[PDB]
Every structure is written in structure tokens, then in C-alpha cells.
Amino acid sequence: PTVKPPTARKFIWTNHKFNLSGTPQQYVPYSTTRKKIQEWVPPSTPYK
Amino acid sequence: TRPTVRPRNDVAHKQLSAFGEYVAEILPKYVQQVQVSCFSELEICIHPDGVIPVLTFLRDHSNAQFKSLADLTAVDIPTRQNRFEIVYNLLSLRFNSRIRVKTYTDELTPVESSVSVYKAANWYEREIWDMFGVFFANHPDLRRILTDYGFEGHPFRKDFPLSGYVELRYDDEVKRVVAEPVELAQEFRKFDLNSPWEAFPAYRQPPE
Amino acid sequence: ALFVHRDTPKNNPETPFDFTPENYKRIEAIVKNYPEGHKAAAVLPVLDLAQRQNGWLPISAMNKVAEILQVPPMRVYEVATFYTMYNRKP
Amino acid sequence: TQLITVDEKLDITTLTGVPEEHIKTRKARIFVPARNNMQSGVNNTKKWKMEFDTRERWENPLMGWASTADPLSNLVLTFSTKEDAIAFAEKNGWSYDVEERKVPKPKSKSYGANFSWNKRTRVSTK
Amino acid sequence: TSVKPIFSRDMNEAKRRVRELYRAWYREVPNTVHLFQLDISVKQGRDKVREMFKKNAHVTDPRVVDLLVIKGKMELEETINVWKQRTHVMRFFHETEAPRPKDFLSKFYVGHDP
Amino acid sequence: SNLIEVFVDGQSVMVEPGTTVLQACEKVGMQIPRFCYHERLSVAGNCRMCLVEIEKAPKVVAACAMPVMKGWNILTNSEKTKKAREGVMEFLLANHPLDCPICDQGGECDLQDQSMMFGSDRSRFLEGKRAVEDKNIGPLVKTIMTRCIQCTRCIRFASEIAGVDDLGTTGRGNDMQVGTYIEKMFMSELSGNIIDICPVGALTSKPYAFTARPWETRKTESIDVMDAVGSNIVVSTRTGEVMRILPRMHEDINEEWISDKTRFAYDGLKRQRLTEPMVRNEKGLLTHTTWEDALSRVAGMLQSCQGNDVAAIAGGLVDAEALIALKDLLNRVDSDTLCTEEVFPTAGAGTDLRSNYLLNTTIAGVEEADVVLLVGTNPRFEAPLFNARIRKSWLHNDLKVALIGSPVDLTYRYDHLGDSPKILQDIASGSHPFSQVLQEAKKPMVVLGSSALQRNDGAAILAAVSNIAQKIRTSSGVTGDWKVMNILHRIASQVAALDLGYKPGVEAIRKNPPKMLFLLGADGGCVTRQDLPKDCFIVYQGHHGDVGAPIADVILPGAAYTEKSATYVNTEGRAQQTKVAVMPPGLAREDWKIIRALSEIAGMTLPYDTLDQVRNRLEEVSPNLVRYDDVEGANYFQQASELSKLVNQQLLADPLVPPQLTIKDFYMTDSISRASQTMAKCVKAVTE
Amino acid sequence: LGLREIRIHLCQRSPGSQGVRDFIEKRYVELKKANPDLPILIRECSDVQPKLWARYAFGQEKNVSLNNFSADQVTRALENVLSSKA
Amino acid sequence: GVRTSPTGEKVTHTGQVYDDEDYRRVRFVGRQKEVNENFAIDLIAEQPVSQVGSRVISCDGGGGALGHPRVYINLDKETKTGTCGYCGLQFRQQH
Ligand code: SF4
Ligand code: SF4
Ligand code: FES
Ligand SMILES: [K+]
Ligand SMILES: [Zn+2]
């Protein structure tokens with residue numbers, strides 16, 4: 001990369017991180033979607 | 001149709017059609033159909049009472065000499081009343097040729113074991129017991145060969161599910177690998193991929 | 001050069017268009033050339049008449065032809081964009 | 001003789017290894033699947049299909065994946081006639097329901113009907 | 001309705017084979033509890049054998065019970081010869097599985113299964 | 001017979017004169033490729049994909065349009081047929097955009113599939129393509145007109161079936177664009193079906209857009225419940241979530257169409273849902289609870305009731321299983337007071353004979369009639385595919401339609417006789433000219449809509465309309481096989497509730513108000529707490545919290561129509577079963593499961609455990625609720641006519657006004673549609 | 001405590017329902033004029049046998065098969081159902 | 001343009017964040033929720049609208065066969081720009 005540098009981008013990591021597994025910086029998976037079914041919210045006023 | 005199309009072998013097609021007529025007329029007691037594929041493979045569809053007389057013929061006859069059993073196969077086709085299709089693949093090293101001997105059974109009718117003709121069949125049809133549930137009569141050691149020892153069901157039957165009914169895990173309470181009913185964290189996603197337009201007009205079946 | 005319409009202040013369904021009474025008599029003479037039940041056959045002459053009174057066709061001449069001939073307005077829009085004589089711009 | 005006579009009903013439920021819950025609580029559906037109205041081809045209406053009732057699919061707590069506990073949720077069987085599917089369901093002890101094949105009734109198509117003299121079937125444009 | 005049999009000509013020879021297979025299992029159970037060093041009693045394993053034989057008691061087809069006898073001889077052969085481990089023998093005892101709801105109301109409470 | 005013999009690839013077939021080449025090849029099981037031909041649209045002949053060689057003829061013919069002549073041998077697989085197909089597919093893929101990955105039609109596209117089948121595998125097109133300006137024809141149909149192959153199924157649908165006449169082709173040549181030519185909003189009641197018959201991704205579904213993809217969707221064949229037509233649908237799901245709703249073909253109901261409510265109300269099915277049982281806490285607020293607590297607090301009050309102390313209201317979306325479940329549960333308490341929201345008059349025969357509350361002719365029988373009299377209904381919005389069938393009979397069979405009621409738009413032209421009910425007295429007395437039009441008609445048809453029966457003179461309107469029907473049928477040239485008297489329902493639960501023997505309308509509850517009220521999905525607001533006593537024990541059982549769930553004391557969260565196998569009976573008497581597409585969300589259960597568990601907690605346990613035992617009970621109560629996709633004919637019009645003459649109920653002077661006048665009132669009718677954001681965008685789009 | 005509803009099931013075309021059809025063609029109206037507040041649900045179906053369901057108080061339902069009866073036999077069984085109230 | 005819930009959890013470019021009373025935040029206890037802080041919806045908004053003198057423009061995303069399938073965009077609407085369906089680059093007819 002000193003002779004032929006990589007083509008720069010605004011989104012490439014300027015700080016390369018090594019393998020973070022076993023550290024508190026490790027990856028934890030999760031569902032990246034929102035909630036599908038919406039529940040009914042009962043009225044906060046009395047019914048009499 | 002030269003570069004991208006497979007070349008047709010008419011010489012082998014004529015020779016296999018002639019030898020299929022030969023086998024069909026020597027053994028009319030069991031031969032039900034004889035057909036040759038467009039890529040020149042001969043199939044002799046026989047009756048299941050003639051598994052041994054046909055195969056001993058092709059192994060021993062001087063115009064056949066199918067001394068090798070390459071493969072032995074069942075195929076589950078549930079829309080037939082005889083759902084299992086037992087497929088013998090035979091190799092004549094003398095005449096440099098291959099033949100296919102096809103027959104049928106359901107779950108309850110036994111097929112005669114062909115270890116008296118090809119000892120190679122000893123495991124193959126045993127695998128047909130394990131995967132499909134076809135029983136083979138007068139077999140030396142007929143038992144399971146591939147499934148686990150307490151395995152219920154015959155897996156390559158098409159009504160058997162892809163994942164089974166049970167799954168194993170280690171359990172530290174009983175200090176033992178245990179079986180439980182199968183639950184998948186992600187279900188196998190079923191893809192309906194078949195196009196609704198007819199692909200091959202040569203294979204069109206006539207309607208009702 | 002386009003064949004969609006956008007409502008400008010000089011071309012809209014609130015642009016004033018009305019035939020003159022001599023043009024209404026000409027329209028009635030046009031309509032009497034065709035069989036009863038096929039008044040839509042007078043779409044091409046009357047709309048051309050709406051180009052002769054006005055010089056061009058705003059989208060009030062097309063709707064007026066659609067109104068006096070009892071045809072849907074899209075069936076007049078199709079004629080006014082199919083044929084090359086109907087000036088849809090001034 | 002070499003042939004026995006079994007006049008009983010054909011039942012192989014003890015031989016398939018299927019547990020009891022997935023025999024006597026499942027409802028097989030024998031049906032010709034409808035044409036997808038996204039398309040005009042009819043090659044998927046040619047054969048009969050046997051599927052089962054859908055059971056619960058829930059959310060995986062880790063990834064949101066569709067977790068299932070139904071082994072028969074992906075099992076679709078192909079049959080050439082209705083009676084073959086009915087025989088295969090009865091042989092396996094599956095209680096079934098059958099929907100009849102819905103072929104489209106034949107139409108009356110006339111291109112000249114688009115340009116009639118006195119009928120309402122004229123096309124207003126073409 | 002004229003079918004080719006497996007071993008039995010009618011149900012009497014079939015019940016004879018069922019009965020001899022039951023004798024072989026009944027004799028084998030103490031050997032199985034000893035050499036697999038199972039934590040069940042001999043009576044508990046014999047009750048499991050009686051349960052596995054009464055589960056298939058509704059069958060009147062001679063070919064189907066011939067195949068049940070054949071598969072029972074296969075399971076017995078996997079038991080006597082030590083081909084099963086302790087785990088395969090104890091899979092008859094569904095011991096890690098929680099007891100399933102039986103009546104309508106508990107099945108209503110847990111979920112959607114009928 | 002006058003059948004002529006033609007040949008398809010040598011194989012003979014006998015066809016009626018007027019059969020096309022495409023239909024003749026269809027009769028031997030070959031489907032000729034097509035893009036503009038549709039068997040329910042008119043023949044256009046303008047995509048040229050059906051070009052096929054007739055032998056001894058040096059020209060390909062348009063198989064969709066060319067009728068067969070006697071002795072033709074149709075060469076569907078010959079060399080010039082395949083060359084014509086590849087040439088036409090090449091011209092279709094000349095200017096078509098490379099949008100297949102970003103297109104909602106990928107994998108379910110006709111152009112992809114019969115480009116794989118009947119076209120070449122590469123391009124000779126070395127030019128630049130056209131790009132067509134997109135249109136805004138509403139909040140439902142996403143329009144990407146660059147994908148349009150100009151097949152004019154838009155125009156033929158909107159003209160012939162939708163009756164709108166507002167889609168058409170402007171321009172000329174390669175610049176010819178299908179659209180409205182103006183910023184016009186194509187919102188008919190059947191406006192989503194152009195998403196179906198468009199073979200390409202030019203017209204896609206704007207709610208369904210980008211969310212799914214056809215191969216990964218599971219297809220569950222089910223029933224519409226958004227009206228009483230009983231349209232067969234496919235709920236296509238993906239990983240336990242409903243993705244969209246397609247139509248199924250049924251020749252006698254919905255031919256292959258569905259309404260916009262059916263097609264786009266599936267997102268109210270995922271909002272405002274009842275997921276957990278709710279009980280009133282110490283502050284008088286609904287709080288979440290378990291099933292044991294909720295069923296115990298309902299059953300303790302149910303054990304303290306007897307007679308008229310307990311009653312039930314059945315909502316618009318309840319299956320016959322839960323209806324007979326709650327009927328058996330309240331009959332253990334000796335209570336007959338079980339009601340529906342939609343008022344049907346109990347005067348005369350009432351709900352005893354089925355013939356005086358059914359669409360007795362059929363939905364299909366509209367094709368056999370010659371005069372249809374629509375009384376007090378706006379069937380464009382009450383039963384939109386029934387109105388589509390009236391329009392198809394109007395178009396192809398010269399059907400004469402008259403309307404008694406307010407002059408609503410019905411997408412075709414009718415004889416508006418006026419809106420007063422006294423016209424019903426004028427026709428039955430022969431003083432009106434349409435009475436002779438009815439008498440000289442061979443197959444008359446009188447359709448009394450069930451929204452006119454919501455009035456206080458609904459018994460008198462039913463008596464006058466049945467008086468007209470029996471004046472015609474007993475005297476005029478009607479054979480006896482033909483049925484004249486017909487009732488059009490707007491509620492999917494209504495006919496199944498009347499076959500089980502509910503008392504329609506809530507006058508039995510307004511007469512003597514109970515102290516405990518079950519509400520199976522009862523969201524019409526017909527009985528509120530001012531009609532009940534001071535502390536009535538209101539139980540709501542349903543799947544949405546809309547109207548009855550705020551006033552409830554205990555909420556029993558139930559299953560929706562996509563969440564259970566369930567018997568619904570349409571307006572013509574045909575019973576139909578849904579299928580489980582997804583399961584109910586959260587702790588919600590199937591409805592008769594809830595009623596059966598309540599019966600077991602209360603100690604009045606019901607003789608069923610599985611769905612089959614519920615349906616054995618349902619066959620015990622009336623044996624036609626288990627014979628699915630069957631219209632059982634109902635006789636005895638004369639006996640109900642004799643019973644209807646007993647009470648001389650007066651016709652009111654108020655005009656017959658249906659509650660759904662324009663497209664504004666169509667989209668939100670039940671608790672699923674009112675919770676639907678797509679129906680909200682449709683209302684917001686039509687009110688501006 | 002009393003009869004609450006009567007359910008008469010029958011066929012349109014079967015001969016065994018014929019007398020039951022003969023009961024409703026001739027004798028239902030003066031039945032219904034005699035019992036105005038009683039639901040007598042006539043349910044015709046395709047191939048069912050004739051049948052007479054009588055729901056009494058507290059969910060009790062008695063059943064009388066009306067197969068191959070005449071109109072007078074259906075009349076006697078139905079008036080026994082009316083006079084029973086059990 | 002990453003934002004933050006009242007729980008302190010970062011909201012992704014989808015819009016996903018757990019509720020406060022959701023137990024499944026315990027998977028990030030002692031660890032981190034890996035989110036990507038380059039939101040593409042903001043990064044394609046940063047691109048300028050290309051003024052072209054043609055009526056129909058072609059976009060392949062640049063790079064030739066390293067971009068997307070080449071599409072043609074119509075620029076006859078003057079209120080709306082012509083947005084590419086693949087890369088989001090939006091175009092405008094300059095006249
Ligand atoms: S309409 Fe069909 S061919 Fe055109 S981009 Fe979409 S999937 Fe591809
Ligand atoms: S938008 Fe679709 S249905 Fe309409 S003309 Fe174009 S291809 Fe045909
Ligand atoms: S299908 Fe005949 S030309 Fe389009
Ligand atoms: K489409
Ligand atoms: Zn791009």
C-alpha cells in the first residue's frame with residue numbers, strides 16, 4: 001500500500017480494530033427489525 | 001446444434017434397444033417394460049417376483065455378463081400404490097455396457113434379497129431397509145446401517161420430515177445424551193420455486 | 001412534446017372554454033351525421049372545431065367535448081394526444 | 001397358495017415411526033393449489049398436493065428468526081389424482097379434508113364483440 | 001386382497017412370533033439393566049416392555065405385525081450385542097421431557113396445540 | 001352437436017364454433033404464451049405473443065383472437081411459432097428496464113417466466129432504452145410505467161369490470177403511455193385488481209412493496225370475511241407474518257377478483273390487537289392478567305346468572321364455531337337471548353325458513369337473470385363483487401337493472417325508480433310501469449339489501465319486497481327452479497348466526513337488559529352502557545380493541561380470520577372454512593377454545609374438545625354448515641309469504657338511503673379496517 | 001322447564017323426507033300461527049335424513065328421527081314434542 | 001446520524017431499539033451493542049443532484065460492471081428529481 005495505495009472512501013475505518021472476541025467490545029447479535037404486531041393500549045380513564 | 005447441445009449416440013441407442021428386445025423375449029414371465037432413454041440408457045422394468053431370475057440371467061448369460069452390481073437404489077414415489085421403486089444398476093465389463101433393472105414394492109410386500117446374485121447387494125438393500133423400510137427376504141444380516149440405534153422411522157420416505165422428529169443434546173441432570181422432540185431455532189424455509197409455465201412440451205401429459 | 005398533463009394557470013379545468021352558438025349549431029350538424037347510439041363518432045370533428053374556435057386545445061375544450069357528446073374525458077384525451085393536429089399547447 | 005388374504009383396512013401407522021401427536025391431531029389438506037393471480041401460467045394447478053395444518057411459529061429471542069416445533073410444517077406431498085392422495089392419507093392415519101379441483105369454466109371469446117352495433121359489449125377504446 | 005406374506009400366513013402364527021419376541025425381551029431385561037448399569041429396576045424395564053407391546057396391540061394385519069416383530073428383533077439384537085449405549089436404551093424412558101398437558105384446560109393455557 | 005373438429009399438433013379436439021386457437025390448444029392441455037389475453041377481459045390482440053403457425057398457411061395468427069376453422073392443425077411447437085415467440089419476446093425486452101432485482105414482480109413475473117421459456121437468452125439490442133414518467137393513481141397502486149409492456153389490461157379492466165373508463169393510452173408509437181393523462185386518483189372499489197392482472201411490475205402493490213418476494217411466501221388458502229360475499233383468498237405469509245392477500249379463482253363467487261378492503265385491510269390485522277387477557281383493577285382500569293384469573297372472573301359471574309340475566313351480542317366477524325359455542329354456553333344457563341348487531345326482522349317466518357334471508361338465486365345466478373331489482377342497497381360498496389357480477393351480466397347479457405333508493409353510482413347505468421318505499425307498494429299493485437317489466441321477464445330477480453332492514457320499517461320493507469317476488473313468481477313465466485326473492489348481506493357473521501338460530505338485532509336485550517353481556521367482537525356500538533343497568537358485567541371477546549373492549553370488564557383476546565380454521569357462511573348460504581395462516585399474537589387463543597375453557601371453569605362443560613367435535617355440533621344444529629363450498633337450496637317461499645301477511649306493518653315515509661353512499665364510506669366498516677393504516681390512507685386520499 | 005326451540009332437518013329431493021316436505025308445504029303456517037314466539041328452524045340439506053331436534057330448558061336436546069314418515073306421523077311426533085315440554 | 005433512546009441505547013439505521021422494560025437488553029450488559037454509524041440514508045442525501053441536459057439519463061452506479069444494472073431514468077417531471085432505484089443518486093434535467 002505504500003506503492004499502490006487503496007482507494008480512499010469516507011466510510012472506511014480509519015482505525016483498524018483487531019479481533020475483539022472475549023473483550024467487552026465483542027459482538028452481541030440482535031434482531032435488527034422493529035416490532036411487528038402492535039398491542040392495544042387500554043384507556044387510562046375510568047369506565048363508569 | 002453443434003456447440004452447446006449434447007451429441008446423440010444413435011449406435012448405442014440401436015444396440016441397447018436390440019438387447020432390450022432380447023431380454024424382453026428371453027424372459028417374458030417377468031419383463032413388464034423395456035425402454036431406452038434419449039441419452040442411451042436401457043431400463044428393464046420387471047415384476048418383483050422375478051428379481052432373482054432376471055438378475056441371475058444378466059449376470060450369467062453369455063450375451064449379457066453383467067458381472068458388476070454398480071448401485072442398488074429405492075425411490076419413494078407416494079402417488080403410486082407400490083410407492084417404492086427398487087433400482088438395480090448393472091455393469092457388463094465384457095460388453096462395456098450398463099443396464100438398469102427396475103421393480104416395485106409397497107411397505108408390506110417383501111422383495112427377495114439379491115445377495116445370491118450379487119454379494120455387493122448385502123449392504124445396499126440393507127440401506128434400503130434403513131432409509132425406506134423395504135424388507136428383503138432371505139437376507140443374511142438385515143438391520144440398520146446408517147441411522148442411529150434407536151431411530152424410529154425410515155428417513156428417505158417422502159412423508160418423513162427433513163429434520164426428524166427427535167434431536168439430541170447432552171443433559172447434565174441424567175448425565176446422558178438424551179433425545180427430545182425437535183424444535184428448530186430457525187425453521188427451514190420452504191421455497192415454492194416451480195414456474196407456472198410449461199418447461200418441456202415433449203413431456204406433456206394428456207389432460208382428463 | 002409530452003403526453004401527460006400538468007395544471008398550469010393557463011391550462012387547467014378552470015380555464016374558460018365555451019362554444020359560440022353558431023359553433024353549437026355546427027356541432028349539432030356534425031352529430032346528425034352519425035347513427036343514433038354512436039355519438040362518440042363525433043369526437044374527432046367537434047374537438048377539431050374546438051381547435052378552430054380557439055387555435056389550440058386547453059383542458060377545457062377536451063372536457064367540453066366530453067361533456068356535450070356524453071363520452072368519458074379520457075376517451076377525448078386519447079384522441080387529443082393520438083392525432084398530430086390537435087395543438088395541446090398554444 | 002403362496003398368497004395370503006388380508007381383508008383389513010390398510011394401516012401402517014405403527015411402522016412409520018411418527019409419534020402419536022403428529023398422527024391423530026393433524027389435519028391433512030388434499031387440494032389442487034390455486035393459480036397465483038400474479039401470473040397466467042397454469043403448470044402449478046396440474047397436480048394434487050397434500051399439506052398439513054400450520055402450527056405455531058414464534059420469534060427467536062436472539063435473532064428474531066421463525067422458530068418452529070412442527071416437524072410437518074414443510075411437508076408437501078405431490079399426487080397425480082385425488083384418490084391417490086386420499087389413499088395415502090388413509091394409509092398413514094392422517095385425518096384429511098379434500099377440496100375439489102376448481103378448473104375455470106370455458107369462456108365465450110369474440111374479438112368482433114368489441115365492435116358491436118347495438119350491444120353494450122363495445123369497447124370504448126382499444 | 002391376495003397379498004404376499006412376510007413370515008405369517010394368518011394372525012395365529014403372527015401372535016406366536018409376537019409372543020416369542022416378548023419372551024426374548026422379558027428374559028433379556030435383567031441382563032440389559034446389569035450390563036448397561038441402568039438406574040431403573042428390572043420391574044420398571046419389564047413394564048416398559050409391556051408398554052411397548054401394548055402400544056401396538058390394535059393391529060390386525062399379519063404383515064404389519066410381522067414387520068413389528070422384525071423391528072423388535074432388530075432392537076433386541078442392538079440391545080444384546082452392545083451396539084446401543086446406555087443412552088439408546090434410556091431413550092425409551094422420556095425422562096428429561098416435561099409432562100405434557102392432557103386435558104383441554106391445560107392445553108388451552110400453554111398454547112395453540114390441540 | 002355443431003362441434004367442429006380441429007387439430008392441435010395432430011391431436012383432434014371437438015370445439016364449439018367461436019372457439020379461439022388459444023382455447024382449442026387449452027382443451028388439450030397446452031397453454032399458448034400470452035401477455036394481453038385475459039380470459040375475463042376482452043380480446044385485445046396487441047402483444048402478439050400468441051402468434052402460432054397454422055399449417056398450410058404462410059402466416060402466424062393471433063391465437064387469442066383468431067377463431068378456429070374446421071380442419072386446422074395448430075402447430076404450437078413448430079419452428080416459425082418458436083421464432084415468432086422469440087422475436088416478440090425480443091421486442092418486449094428491447095425497452096424493458098433492468099429492474100428485476102428492485103422489482104416486486106421478480107419471481108412472479110410473466111415476462112421473466114415466459115422469457116425463460118419462450119424467448120432467447122441474450123440481447124441484440126445495442127441502443128439506449130426508453131424511460132417513462134411514473135404516475136400517481138392513488139395510495140394503493142405503485143406505478144412504475146417504465147416496466148409497462150403496453151398490453152392494455154389496465155384499460156379493459158377499468159372499463160369493463162371496474163366500470164371507471166379512466167385509464168387509457170396517450171401518445172403514439174413507442175411514446176405511447178398508459179395512464180390517466182392527468183393527475184387523477186384511480187380509487188375504485190376494485191382498484192387493486194390491476195395489481196393482479198398486470199403481468200409486469202408496472203402496477204405493483206404500494207403496501208406490499210419491497211417487504212416480501214414470492215418464492216419464500218407460504219400460501220394459505222382462506223376466506224374473506226370483510227363482507228358476506230365470501231371471496232376465496234390466499235393469505236401469503238412469510239416466517240409467521242402475513243405478507244399479503246391474493247384472490248383465489250372461484251367461478252361462482254368472486255371470479256378471480258377481490259375488493260380493496262379484502263386486499264389491503266391485512267395491516268389492521270397487526271395493529272390495535274388484543275394480546276393478553278385484561279381485567280379491571282382496583283382503580284377501574286384494564287390491566288393485564290392470566291387466562292386463569294380472567295376465565296375465573298367471568299365464570300363466577302356466569303354461575304350467578306340464570307334466565308335473562310345473561311345475554312350475548314355477536315359481532316360482524318365471528319365464525320359459526322364460536323357462535324354455536326357461546327349459544328351452548330348460554331343455553332346451559334337457560335338463556336336464549338343471543339343477538340347480532342345487524343337487524344333482521346323476526347316478523348312472520350323470521351329466521352325459520354332459510355329462503356327469506358338468503359341470496360337465493362346465487363351470485364352465479366345473476367348471469368341467468370334478465371331483470372334485477374335492487375331495493376334499498378348500494379351493492380357497489382356493500383358487496384362489491386356481487387356488483388361486479390351484476391356489471392358482467394349488464395355487459396354481456398343485456399341485464400336490465402333498476403334501483404329503489406338514493407341515486408348512487410354503481411359503475412353501470414340503471415333505472416332509478418325513486419327512493420320512497422311506497423314504490424314497493426306501487427309495483428306490487430301493478431300501477432307502476434316497472435311491474436309489467438317484471439311480469440314479462442322470464443328470469444326476474446329482486447335483491448333486498450340487508451342495510452334497508454336496519455330501519456324500523458324493515459319488516460314492512462321485507463313484506464313488500466316478498467309481496468312483489470311472490471306476485472311475480474306465482475303468476476308470470478317463472479318455471480319454479482328460478483328464485484326471485486333475494487337478500488344481500490354485508491356482514492360475514494350474519495348468515496351463519498341466523499342458521500344457528502340467533503335472534504337478529506338487539507331488541508331482545510333492549511327489552512329486558514341483562515346484568516352480564518358477552519360481546520363476540522361486537523364493535524358496532526349498538527348497545528352501550530346507557531342501555532345496560534348500573535353495573536353490568538360486560539365481557540368482550542375479540543381480536544381488536546376498538547369499541548367494545550374499552551367498555552368491557554374482562555377482555556378475552558381472541559383469534560382473527562387469518563388465525564383459525566373457521567366456518568363463515570356467505571350471503572347465498574354457502575358455508576366455507578378458513579385455514580390457520582398464522583397463530584394469534586401473544587396469549588390470544590381461538591374463540592371457541594375460550595368459550596369451551598370458560599364452560600369448564602364455570603362447571604357447565606360442553607360436549608366438544610376438538611374442532612371436529614365443534615363441527616359435529618354445528619352439523620347437529622344445521623347440517624349445511626359443514627358441507628363446504630355448497631349452496632343448499634332453500635324452498636318454501638309461499639309459506640313465508642303467507643306468514644308475512646299476518647302483521648300489517650306500515651312503511652315509513654323516510655327515503656331508502658344506504659349508509660355507504662360514496663367511496664369515502666367504503667374503506668372503514670369493521671374493527672380490522674378501522675385499525676388499518678392503508679384504509680386510513682385510502683380515506684384520506686378520497687376525502688381530498 | 002320448557003321447550004325453547006324446534007329444529008326440523010330434511011332434504012329437498014330424497015323420498016324419505018317427502019312426508020316431512022308434505023308437513024311444511026301444508027301444515028307449517030298454522031303451526032307457526034299457533035307458536036309465534038317459538039323458533040322452528042327448518043333446515044334443508046342435500047342428502048341428510050329427516051330429523052327433529054327439540055331443545056328444552058338448560059341445554060337439554062331430545063332427538064326424533066323422522067325418516068320415512070308421512071305428514072300425519074310428523075304431525076303426531078311434533079305435537080308430542082309440543083305437549084311434552086320435558 | 002445515530003441517535004439515542006432514553007435508555008441510553010443507540011438506535012440503528014433501521015430504527016431498532018429495545019424497550020426499557022424489555023429483558024433482552026441484558027445481552028448488552030457488560031458488552032456493547034454493535035451499530036454502524038454510517039447511515040446510508042444520510043450519506044446519499046449528501047450527494048448533489050446531477051444537472052444534465054438530456055431528457056433520459058442512464059445510471060450504472062459508476063465503475064461500469066462494478067456498479068449496478070444500467071437503468072434509464074426519465075426527467076420530465078420538474079417538481080421531482082430523477083432518483084436511481086439502485087444507488088439513490090438523483091438527477092435533474094437542467095432546462
Ligand atoms: S416487470 Fe418483470 S421483467 Fe420487468 S423488471 Fe420486474 S421482474 Fe423484471
Ligand atoms: S401497466 Fe401493466 S396491465 Fe397496464 S398496459 Fe402496462 S403492462 Fe398492461
Ligand atoms: S395474447 Fe394474443 S396477442 Fe396478446
Ligand atoms: K403486477
Ligand atoms: Zn444508479
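Heavy-atom basis, side chains included; hydrogens, waters and symmetry copies ignored. Labels below follow one simple rule: chain letters A, B, ... track the order of the sequence lines, proteins then strands, and each chain is numbered from 1.
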Peer 1: Does any donor atom in the side chain of E:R16 or E:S8 lie under 3.5 Å from an acceptor atom in the other side chain?
Peer 2: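 No pair is found: no donor N or O on one side chain lies under 3.5 Å from an acceptor on the other.
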Peer 1: Kindly indicate whether a cation-pi arrangement holds for F:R596 with E:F104, taking the cut-offs as under 6.0 Å to the six-membered ring centre and within 45° of the axis.
Peer 2: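 Yes, F:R596 sits over the ring of E:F104.
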Peer 1: Assign the ring pair B:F66 / B:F19 to parallel, tilted or perpendicular, where the plane angle (0 to 90°) is split at 30° and 60°.
Peer 2: tilted
Peer 1: Please list all pairs meeting salt bridge (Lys or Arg N to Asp or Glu O under 4.0 Å) that have one or both residues in residues 76-95 of chain B, counting only residues at least two apart or in different chains.
Peer 2: B:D76-B:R83, B:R80-B:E85, B:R83-B:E107, B:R83-B:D159, B:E85-B:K102
Peer 1: Can you confirm whether E:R23 is buried at CZ, in the sense that more than 12 heavy atoms of other residues, nucleotides or ligands lie under 6.0 Å from that atom?
Peer 2: no
Peer 1: Okay, side chain of E:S106, backbone of E:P101: is any donor-acceptor separation there less than 3.5 Å?
Peer 2: no
Peer 1: Do D:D11 and D:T13 have side-chain N/O donor and acceptor atoms under 3.5 Å apart?
Peer 2: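 Yes, D:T13 and D:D11 have a side-chain donor paired with an acceptor closer than 3.5 Å.
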Peer 1: Do the non-hydrogen side-chain atoms of D:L3 and E:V3 ever get within less than 4.5 Å of each other?
Peer 2: no
Peer 1: So does E:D113 have more than 12 non-hydrogen atoms from other groups sitting under 6.0 Å from CG?
Peer 2: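 Yes, enclosed.
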Peer 1: Is there side-chain contact between B:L42 and B:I44, with at least one heavy-atom pair below 4.5 Å?
Peer 2: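 When only atoms from C-beta onward are counted, B:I44 and B:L42 do touch, with a gap below 4.5 Å.
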Peer 1: I'd like a table of donor-acceptor pairs (distance under 3.5 Å, sequence neighbours excluded) in which one partner is a side-chain atom from residues 75-82 of chain E, with atom names and distances.
Peer 2:
| from | atom 1 | to | atom 2 | distance (Å) |
| --- | --- | --- | --- | --- |
| E:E75 | OE1 | E:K84 | NZ | 2.9 |
| E:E78 | OE2 | B:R144 | NE | 2.9 |
| E:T79 | OG1 | E:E75 | O | 2.7 |

Peer 1: Is it true that E:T1 and D:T5 share a donor-acceptor pair across their side chains at a distance under 3.5 Å?
Peer 2: no
Peer 1: Is the shortest side-chain heavy-atom distance between B:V75 and B:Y104 below 4.5 Å?
Peer 2: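 Side chain of B:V75 against side chain of B:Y104, heavy atoms only: no contact under 4.5 Å found.
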Peer 1: In terms of the angle between their ring planes, are E:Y22 and E:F53 parallel, tilted or perpendicular, with boundaries placed at 30° and 60°?
Peer 2: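 E:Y22 and E:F53: perpendicular rings.
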Peer 1: What closest approach, in Å, do B:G133 and B:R157 show between heavy atoms, and which atom pair accounts for it?
Peer 2: CA-NH2, 3.8 Å
Peer 1: If you define the side chain from C-beta out and look only at heavy atoms, does anything of B:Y88 sit under 4.5 Å from B:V51?
Peer 2: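 The answer is yes; the side chains approach within 4.5 Å.
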Peer 1: Walk me through whether B:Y149 and E:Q85 qualify under side-chain hydrogen bond (donor to acceptor under 3.5 Å, both in side chains).
Peer 2: CA-CA 9 Å; B:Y149 290 104; E:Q85 286 88 21; over 6 Å; no
Peer 1: By the definition ring pair (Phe, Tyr, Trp, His ring centres under 6.0 Å), identify the one residue from B:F84, B:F132, B:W129 that meets it with B:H154.
Peer 2: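 Of all the options given, the one that passes is B:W129.
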Peer 1: Distance to the ring centre below 6.0 angstrom and angle to the axis at most 45 degrees; does that hold for E:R50 and E:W25?
Peer 2: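 So E:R50 doesn't make the cation-pi contact.
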Peer 1: Tell me yes or no: between the side chains of B:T109 and E:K4, is some donor less than 3.5 Å from an acceptor?
Peer 2: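 Result is no, nothing qualifies.
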Peer 1: Do the side-chain N and O atoms of D:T14 and E:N56 include a donor-acceptor pair separated by under 3.5 angstrom?
Peer 2: no
Peer 1: With D:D53, which residues qualify under salt bridge (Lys or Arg N to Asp or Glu O under 4.0 Å), at least two apart?
Peer 2: D:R26, D:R55
